[PDB]
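Reviewing the structure listed below.
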Amino acid sequence: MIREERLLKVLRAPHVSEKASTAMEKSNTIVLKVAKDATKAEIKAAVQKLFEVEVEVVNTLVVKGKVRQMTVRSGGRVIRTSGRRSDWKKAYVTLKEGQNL
Amino acid sequence: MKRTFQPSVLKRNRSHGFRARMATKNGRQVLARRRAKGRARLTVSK
Amino acid sequence: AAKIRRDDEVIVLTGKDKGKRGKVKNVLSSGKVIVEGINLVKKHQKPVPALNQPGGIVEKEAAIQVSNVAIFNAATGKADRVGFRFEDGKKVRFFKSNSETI
Amino acid sequence: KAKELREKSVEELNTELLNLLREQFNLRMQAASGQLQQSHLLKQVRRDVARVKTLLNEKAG
Amino acid sequence: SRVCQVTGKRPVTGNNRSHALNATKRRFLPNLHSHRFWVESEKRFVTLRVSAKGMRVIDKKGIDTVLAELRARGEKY
Amino acid sequence: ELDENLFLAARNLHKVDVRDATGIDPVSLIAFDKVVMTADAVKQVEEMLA
RNA sequence: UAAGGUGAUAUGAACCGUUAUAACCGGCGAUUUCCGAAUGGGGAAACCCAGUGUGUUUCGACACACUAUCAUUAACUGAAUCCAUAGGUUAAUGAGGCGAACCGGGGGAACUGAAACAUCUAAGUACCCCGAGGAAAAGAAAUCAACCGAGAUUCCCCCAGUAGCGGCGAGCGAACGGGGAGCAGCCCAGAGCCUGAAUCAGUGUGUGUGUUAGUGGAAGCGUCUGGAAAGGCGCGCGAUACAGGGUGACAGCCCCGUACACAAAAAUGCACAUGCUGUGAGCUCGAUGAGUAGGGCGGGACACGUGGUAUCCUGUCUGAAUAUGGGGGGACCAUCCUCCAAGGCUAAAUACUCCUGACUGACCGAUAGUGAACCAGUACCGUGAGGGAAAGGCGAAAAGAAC
């Protein structure tokens, strides 16, 4: 069985978008950001425990980060820097009949 | 016309990859030289 | 081991404000201080409605070098140098010209 | 903080750790949802958790 | 490799010299042979790769002494 | 002789040099405006220079 | 150690702190994902898949530990085959990989020079490979010398571009002896008598001295020019401190320092002094390193190219004497001189600098100095090995231009 500390780790944030809002209002589906190494069983247990709702099924995907470019000044001189935003995991959690936040 | 570079990731890794460099002592010497130079990318492995 | 703290009455030694006195407001880590109403500059404040307002031209204290100010004795009425000594196992500052603790 | 934490026992330290982890999760949800004007609480709870399990690891021999 | 297990003789390098004294690198090889030696004490045959010089040494010292020497050096037979 | 009292008192004066009559060198004799020698130093310098 | 802080970007936000448990600095701990020798198996580095135990469970499952190979040792069991070996399983200990030069060893060029070129040179150099240490190697005369004597190795200066070697060409190039740095010699091949008999390594305490944070440090004002004074002028003061750096122009006395004098909970280096642990002392009798020295054949090393060729090493074939014996003294013999091979160990003087601290420079100053003063082994180029840049300066202060 999954320990409670793991469950308190795996849930990162609710994900806000019009796709997420439409999913909630159509299919009773909750979209979250989760830890990149969280399995579907872990997400199911975490939602069922920390949110006190009953979960039907979890769908997950990994989002690759984009390249972001911005400048940093280093000793009276602006230099252009480039780097990639970190990947993250998105969970589509379908609720049986409960209401969430 | 067909040009010389005809990419293929599998062939690239099997020829010049990290595990291919580590398999022989000459390839291990290639890696040591690149570490001594301070190369940001040791191999084609990505 | 600083010789200049916050509520120190200092006197400016150099730089178009000689003889003016004021309290130290901040001690910057770069060896500079903000002294109340001495090193005044006119800032052309750009408008930012998010937090500030139209801006206008404002007057602020600019930082001045710590080497450019001296602790004010207020007993001799002159600038003074400050040394360190131990009293009851506590480091204290004293005026060098007077040997009195600050 | 480490003093009265050291006064507690292993089982009390585990209860404290669990409470801190729940508090951390609640703060994370608040921060994500746009609440939590007091951003400084995140670092506070993070350092409290580190302290608690430092004490826990030093109790176990 | 081409090493005698008793004396340790191994290939050495030298020069081929012609009548005009042209020097080309060459190799001198030991006179290596594989021989089954009868060990009276152990009632068995031990096979060693030995040079003819090593075989003379075994004749002089006896097989048990040289086997003890090989064990001391850690050589496997 | 080398007097440590004299040596220490002259360190911080930059146009004064105290020497040992065996540490004299050609440049320092020309460089300074005046050269002061004690009589013992004079005899020692004679001995060195024969 | 502290009145300031939450690294740069950085403004802000939300906060922490003000004798003391904010921050910062040092010692010792804790945590330390994944890959990588990578080691449970695999693999196209940073990923895929397990087995066995222990524990937990809400029966969905979860957590933790172990499981590479080789070497050595031990236990168990165990083929042909009777005993037995080989083999197998399991334990314990060790190794493995990386790293700049210096060091020892195994292999080892060519260009070039010879005004061509093959002997010769370049050169045992470049390079490849193995192994180690803080140094390594060598080292205690089967050495020289010369009828007198020295007394182990190593390194420096001479001897000396000498004697010699040499298609006697190009070129290579010593020793003897002298001056210095440094300087201890020991053990086994063996028994008795005495017997831990100091010795040398390891460990534990004590002292001393360093290292890893720190503390105190001593003295200047007026006036002129000026945006600003540290400059000019005037009058003072410190100095075991006038090294250096900063501050609105050039400061001994404004600041940080400097001379000088102090400092350590803790961890450590080096010296000593002790406690214990193995160690062995001293004496008398002995013994004195054999497929070895030497030889024939082929090579190599010696300054020495086979030459009249001493000496050393050995791939191959042989092969002594063994202390009234043996080696060497530049073919060889005789005298007489000197030494004792075929077993080992051994500090210092010597070589180097990936790295740390301090200091110095008739060294550079942005096309220079490192390729790189700058977010450079980067951008970019190449399948890859690999190649490889250009790019510093507002101002004292952003006061960096409200309207």
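The analysis underlying the following values was restricted to heavy atoms, covering all of them including side chains, and did not include hydrogens, waters or symmetry mates. In what follows, chains are A, B, ... by sequence order, proteins preceding strands, each numbered from 1.
Here G/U33 sits opposite no nucleotide as a Watson-Crick or G-U wobble pair (both hydrogen-bonding atom distances under 3.5 Å). Across all strands shown, the partner of G/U72 is G/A92, judged by Watson-Crick or G-U wobble contacts whose two distances both fall under 3.5 Å. Both distances falling under 3.5 Å, in either a Watson-Crick or a G-U wobble arrangement, place G/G104 opposite G/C130. A 3.5 Å limit on both hydrogen-bonding distances identifies G/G278 as the Watson-Crick or G-U partner of G/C200. Using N1 to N3 plus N6-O4 or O6-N4 for Watson-Crick, or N1-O2 and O6-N3 for G-U wobble, each under 3.5 Å, G/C297 pairs with G/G315. Within the shown strands, nothing qualifies as a pairing partner of G/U306 under the Watson-Crick or G-U definition with both distances less than 3.5 Å. Nucleotide G/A44 forms no Watson-Crick or G-U wobble pair with any nucleotide shown, as no partner meets the under 3.5 Å limit on both distances. When both pairing distances are held under 3.5 Å, G/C186 makes a Watson-Crick or G-U pair with G/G344.
For G/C130, neither phosphate oxygen OP1 nor OP2 lies less than 4.0 angstrom from any side-chain nitrogen or oxygen of B/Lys25. Under 4.0 angstrom from either OP1 or OP2 of G/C317 there lies at least one side-chain N or O belonging to E/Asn31. Neither OP1 nor OP2 of G/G222 sits under 4.0 Å from any side-chain N or O of C/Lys18. Close to G/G97, at under 4.0 Å from its OP1 or OP2, lies no side-chain N or O of B/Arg35. Within the 4.0 Å cut-off from OP1 or OP2 of G/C129, at least one side-chain nitrogen or oxygen of B/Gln29 is found. Put simply, E/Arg56 has a side-chain N or O that comes within less than 4.0 Å of OP1 or OP2 on G/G319. For C/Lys91 and G/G216, the shortest distance from a side-chain N or O to OP1 or OP2 is below 4.0 Å. Side-chain N/O atoms of C/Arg81 include one lying less than 4.0 angstrom from OP1 or OP2 on G/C254. Considering only side-chain N and O atoms, E/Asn22 lies under 4.0 angstrom from the phosphate OP1 or OP2 of G/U119. For G/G227, the OP1/OP2 oxygens have no side-chain nitrogen or oxygen of C/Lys16 closer than 4.0 Å. A close approach under 4.0 Å does occur between a side-chain nitrogen or oxygen of E/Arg17 and OP1 or OP2 of G/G300. Between E/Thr13 and G/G108 there is a side-chain N or O to OP1 or OP2 distance below 4.0 Å. OP1 or OP2 of G/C15 lies within a sub-4.0 Å distance of a side-chain N or O belonging to D/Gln38. Listed pair F/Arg11 / G/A241 meets the phosphate criterion, a side-chain N or O lying under 4.0 Å from OP1 or OP2.
Stacking of the bases of G/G328 and G/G329 is indicated, with six-membered ring centres separated by less than 5.5 Å and ring planes inclined by less than 30°. Consecutive bases G/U324 and G/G325 are counted as unstacked, their six-membered rings not meeting the limits of centres under 5.5 Å apart and planes tilted under 30°.
Taken as a pair, G/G216 and G/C260 qualify: Watson-Crick (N1-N3 plus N6-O4 or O6-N4) or G-U wobble (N1-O2 and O6-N3), both under 3.5 Å. Base-pair annotation: G/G12 with G/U154 fails the Watson-Crick or G-U wobble criterion (two N/O distances, each under 3.5 Å). If you check G/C221 against G/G234, you find a Watson-Crick or G-U wobble pair, both contacts below 3.5 Å. For the criterion of Watson-Crick or G-U wobble pairing, both bonds shorter than 3.5 Å, the nucleotides G/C64 and G/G238 do not count as partners. Remark: the bases of G/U360 and G/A376 do not meet in a Watson-Crick or G-U wobble pair with both edge contacts under 3.5 Å.
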Open item on the list: I'd like to know whether A/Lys9 forms a salt bridge (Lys or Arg N to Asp or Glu O under 4.0 Å) with A/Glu42, so could you lay out the CA-CA distance, the side-chain angles of the two residues, the decisive distance to 0.1 Å, and finally the verdict.
Closed with: CA-CA 10 Å; A/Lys9 295 286 190 353; A/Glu42 268 157 35; over 6 Å; no

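Take the nearest nucleotide of RNA chain G for C/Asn26 and for B/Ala32: the residue whose nucleotide is more 5' is C/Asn26.
No salt bridge links C/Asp80 with C/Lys96; every basic N to acidic carboxylate O contact stays at or beyond 4.0 Å. Between F/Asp33 and F/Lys15 there is no salt bridge, since no side-chain nitrogen of the basic residue lies less than 4.0 Å from a carboxylate oxygen of the acidic one. With respect to E/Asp59 and E/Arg56, no salt bridge is recorded, no charged nitrogen being found less than 4.0 Å from a carboxylate O. Electrostatic pairing of A/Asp37 and A/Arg6 counts as a salt bridge here, judged by a charged N lying under 4.0 Å from a carboxylate O.
In the interface, the side chain of B/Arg34 is paired with the base of G/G386 through a donor and an acceptor atom under 3.5 Å apart. Under 3.5 Å, the side chain of C/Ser67 and the base of G/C254 form at least one donor-acceptor pair of N or O atoms. In terms of polar N and O atoms assigned as donor or acceptor, the side chain of B/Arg39 comes within less than 3.5 Å of the base of G/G387 in a complementary pairing. At a cut-off of 3.5 angstrom, the base of G/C254 holds no donor-acceptor pair with the side chain of C/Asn68. With hydrogens and angles ignored, no donor-acceptor pair under 3.5 angstrom links the side chain of E/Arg26 to the base of G/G300. For D/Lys53 and G/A30, a side-chain-to-base donor-acceptor distance below 3.5 Å is absent, hydrogens and geometry of angles not being considered. Evaluation of atom-type donor-acceptor distances gives a pair under 3.5 Å for the side chain of E/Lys25 against the base of G/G124.
Residue D/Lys1 is classed as having no contact, given no heavy-atom separation below 4.0 Å to the nucleic acid. No contact: C/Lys78 has no heavy atom under 4.0 Å from any strand. Nucleic acid contact class of E/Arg2 (heavy atoms, under 4.0 Å, all strands): none. Here E/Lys76 lies in heavy-atom contact (under 4.0 Å) with sugar-phosphate atoms only. Contact annotation for C/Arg5: backbone-only contact, meaning every heavy-atom pair under 4.0 Å involves sugar-phosphate atoms and none involves a base. Note on C/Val58: nothing from the nucleic acid sits closer than 4.0 angstrom, heavy atoms only. Residue-level contact check: D/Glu58 touches neither bases nor backbone, having no heavy atom under 4.0 Å from any strand. Among the atoms of the strands shown, only primed sugar atoms or phosphate atoms (P, OP1, OP2) are found under 4.0 Å from some heavy atom of B/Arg12.
Stacking of the aromatic ring of B/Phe18 onto the base of G/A45 is found: the ring centres lie under 5.5 Å apart and the planes are inclined by under 30°.
C/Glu36 places no side-chain N or O within 3.5 Å of a backbone atom of C/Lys25 that could act as its donor or acceptor partner. A donor-acceptor pair is defined here as one N or O able to donate and one able to accept, closer than 3.5 Å; no such pair exists between the side chain of E/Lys61 and the backbone of E/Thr65.
Contact record, B/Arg14 with B/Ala20: O-CB, 3.6 Å, taken as the closest heavy-atom pair.
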- [ ] Let me have a per-nucleotide readout for nucleotides 398-403 of chain G, 5' to 3', with B, S or -, counting only protein heavy atoms under 4.0 Å.
- [x] -SSSBS

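Going by the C1'-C2'-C3'-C4' torsion, the sugar of G/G220 sits on the south side, since that angle is negative. In terms of the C1'-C2'-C3'-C4' torsion, G/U143 has a north-puckered sugar. The angle is above zero. G/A320 has a positive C1'-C2'-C3'-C4' torsion, placing its sugar in the north range. Judged by the sign of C1'-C2'-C3'-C4', G/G178 carries a north-puckered sugar. With respect to the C1'-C2'-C3'-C4' torsion, G/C375 shows a south sugar, the value lying on the negative side.
Atom P of G/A175 sits at a distance of 48 Å from the matching atom of G/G365, rounded to the whole Å. Atom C1' of G/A320 sits at a distance of 11 Å from the matching atom of G/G291, rounded to the whole Å.
Considering CD of D/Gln44 and CG of D/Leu20, their distance stands at 10.0 Å, rounded to 0.5 Å.
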All N/O contacts under 3.5 Å from nucleotides 371-375 of chain G to the protein, with atom names and distances to one decimal?
from: G/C374; atom 1: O4'; to: A/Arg77; atom 2: NH2; distance (Å): 3.4
from: G/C375; atom 1: OP1; to: A/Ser74; atom 2: OG; distance (Å): 3.2

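Side-chain contact annotation: D/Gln35 with D/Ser33, donor-acceptor N/O pair under 3.5 Å present.
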